[PDB]
There are 2 protein chains.
Amino acid sequence: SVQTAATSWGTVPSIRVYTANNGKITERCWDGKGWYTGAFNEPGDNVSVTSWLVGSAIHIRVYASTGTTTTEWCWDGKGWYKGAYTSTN
Amino acid sequence: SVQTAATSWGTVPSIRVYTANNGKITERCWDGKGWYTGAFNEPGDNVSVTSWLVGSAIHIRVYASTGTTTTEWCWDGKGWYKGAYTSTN
Ligand SMILES: CO[C@@H]1O[C@@H](C)[C@@H](O)[C@@H](O)[C@@H]1O
Ligand SMILES: CO[C@@H]1O[C@@H](C)[C@@H](O)[C@@H](O)[C@@H]1O
Ligand SMILES: CO[C@@H]1O[C@@H](C)[C@@H](O)[C@@H](O)[C@@H]1O
Ligand SMILES: CO[C@@H]1O[C@@H](C)[C@@H](O)[C@@H](O)[C@@H]1O
Ligand SMILES: CO[C@@H]1O[C@@H](C)[C@@H](O)[C@@H](O)[C@@H]1O
């Protein structure tokens, strides 16, 4: 079966839902109207997510894994880009 | 594939990333500098987390499962400890 993770913020719930389907991740978004498709689209067999606010600004971090390789895609208000997360230190 | 869970708190932020790989879970932490390895080391090929703040003090609960057995692990400001959680009534 597919794998999903979810996060959310505000009183006016915005909710993001990430679905790992067949090695591909699709983001679903809701801002109080209808659900819609977001800009997130990255490879991976499993997902986790978190989010925080700095005032009314959301930051999201998505943790996408395939095999033993975990990648982080960062959302800070502008665009998705590759984060500096690594597994070993 | 590996399975990750993640949580965070604050506006810095702090981020905890737990990974289930080969029946073992290992914690990865970030508090504004680089990523680093956490104190958490528990068996489980599936993980979930949640964290809550009391003022500025973080509390974290990790849900570590193998087979049908779920063990809770707590961080409350000192050391990790085995939670009182049970999955049945
Ligand atoms: C108002 O609509 C209900 O709550 C929203 C926050 C969403 O979770 C939506 O799918 C649900 O049907
Ligand atoms: C404004 O853009 C929408 O919301 C952001 C918080 C992200 O979830 C992004 O992928 C989405 O398309
Ligand atoms: C500032 O660096 C970016 O944001 C941090 C909160 C982390 O998620 C890090 O891995 C990422 O590269
Ligand atoms: C202070 O210790 C660090 O942060 C705590 C909140 C825990 O995540 C712990 O495992 C980690 O080593
Ligand atoms: C006080 O009890 C501890 O903290 C609670 C919030 C629960 O996580 C419980 O299972 C745990 O043993």
Side-chain angles (χ1 to χ4, degrees), chain A residues 4-20 24-44 47-64 71-83 85 87-89, chain B residues 4-10 12-20 24-42 44 47-64 71-83:
Chain A
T4 295
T7 200
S8 64
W9 61 89
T11 307
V12 277
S14 280
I15 297 155
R16 300 292 175 273
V17 168
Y18 297 90
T19 308
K24 331 210 262 157
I25 312 151
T26 52
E27 181 188 38
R28 283 291 270 178
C29 314
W30 199 93
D31 318 49
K33 329 226 258 182
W35 283 88
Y36 64 89
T37 306
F40 197 90
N41 212 280
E42 304 298 349
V47 161
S48 73
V49 67
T50 188
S51 56
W52 69 102
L53 294 151
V54 181
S56 69
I58 196 70
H59 301 265
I60 293 163
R61 302 289 187 268
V62 181
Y63 299 88
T71 305
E72 176 198 49
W73 306 90
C74 306
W75 203 87
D76 288 330
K78 309 226 279 180
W80 283 101
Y81 63 104
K82 204 214 241 144
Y85 169 97
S87 82
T88 295
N89 134 109
Chain B
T4 295
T7 197
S8 73
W9 57 90
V12 170
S14 282
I15 312 152
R16 297 304 178 267
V17 174
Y18 298 94
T19 300
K24 307 303 292 128
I25 316 141
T26 64
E27 188 181 39
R28 286 290 277 176
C29 318
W30 201 89
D31 309 272
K33 290 196 254 190
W35 285 85
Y36 67 89
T37 299
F40 194 90
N41 210 288
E42 295 311 340
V47 116
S48 74
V49 64
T50 184
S51 58
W52 70 97
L53 283 165
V54 176
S56 73
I58 196 67
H59 303 82
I60 295 163
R61 294 295 182 274
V62 166
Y63 302 81
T71 302
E72 179 185 44
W73 295 103
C74 324
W75 206 83
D76 292 271
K78 304 170 171 202
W80 283 98
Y81 69 95
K82 206 237 339 120

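In each ligand, atom 1 is the first atom listed, and ligand 1 is the first ligand listed. So that the names make sense, note that chain A is the first sequence line, chain B the second, and so on, each numbered from 1. Just so it is clear, the values below take in all heavy atoms, side chains as well, and ignore hydrogens, waters and symmetry mates.
In terms of polar-atom proximity, defined here as any N/O pair under 3.5 Å, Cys29(A) makes no such contact with ligand 2. Where the criterion is an N or O separation shorter than 3.5 Å, residue side chain and backbone included, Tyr36(A) fails it with respect to ligand 2. Taking distance alone, with nitrogen or oxygen atoms compared against 3.5 Å, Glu27(B) approaches ligand 4 more closely than that limit.
Between the side chains of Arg28(A) and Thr37(A), at least one donor N or O lies within less than 3.5 Å of an accepting N or O. Using modelled atom types and a 3.5 Å distance limit, the side chains of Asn41(B) and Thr26(B) yield no donor-acceptor pair. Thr7(A) and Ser51(A) form a side-chain donor-acceptor contact under 3.5 Å, judged by distance and modelled atom types alone.
Residue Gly38(A) has at least one heavy-atom neighbour below 4.0 Å for each of these atoms of ligand 2: 12 (O). Listed by number with element, the atoms of ligand 2 under 4.0 angstrom from any heavy atom of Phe40(A) are 10 (O). Atoms of ligand 4 lying under 4.0 Å from at least one heavy atom of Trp80(B), given by number and element, are 9 (C), 10 (O). Each of the following atoms of ligand 1 lies closer than 4.0 Å to a heavy atom of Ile15(A): 6 (C), 8 (O).
Screening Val49(A), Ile60(A), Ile58(A) for a side-chain contact (heavy atoms from CB on, under 4.5 Å) involving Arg16(A) leaves a single residue, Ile60(A).
Of the protein's non-hydrogen atoms, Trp35(A) NE1, 3.7 Å is the one closest to atom 9 (C) of ligand 1. At the top of the distance list for atom 2 (O) of ligand 1, counting protein heavy atoms only, stands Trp30(A) CZ2, 3.9 Å. The single protein non-hydrogen atom nearest to atom 4 (O) of ligand 4 is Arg16(B) NH2, 3.1 Å, given as residue, atom name and distance.
Within the 4.0 Å heavy-atom cutoff, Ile60(A) counts among the residues contacting ligand 2.
Taking all atoms of both residues into account, the shortest heavy-atom contact from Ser8(B) to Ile15(B) is CB-CG1, 4.1 Å. Of all non-hydrogen atoms in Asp31(B) and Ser14(B), the two that sit nearest each other are OD1-OG, 2.6 Å. Closest approach of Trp80(B) and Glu27(B) over heavy atoms only: CZ2-OE2, 3.4 Å.
At a distance under 4.0 Å, no protein heavy atom can be found next to atom 11 (C) of ligand 1.
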Could you walk me through whether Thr71(B) and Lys82(B) pass the side chain to side chain contact (heavy atoms under 4.5 Å, CB included) test, one step at a time? CA-CA 7 Å; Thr71(B) 302; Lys82(B) 206 237 339 120; 3.9 Å; yes
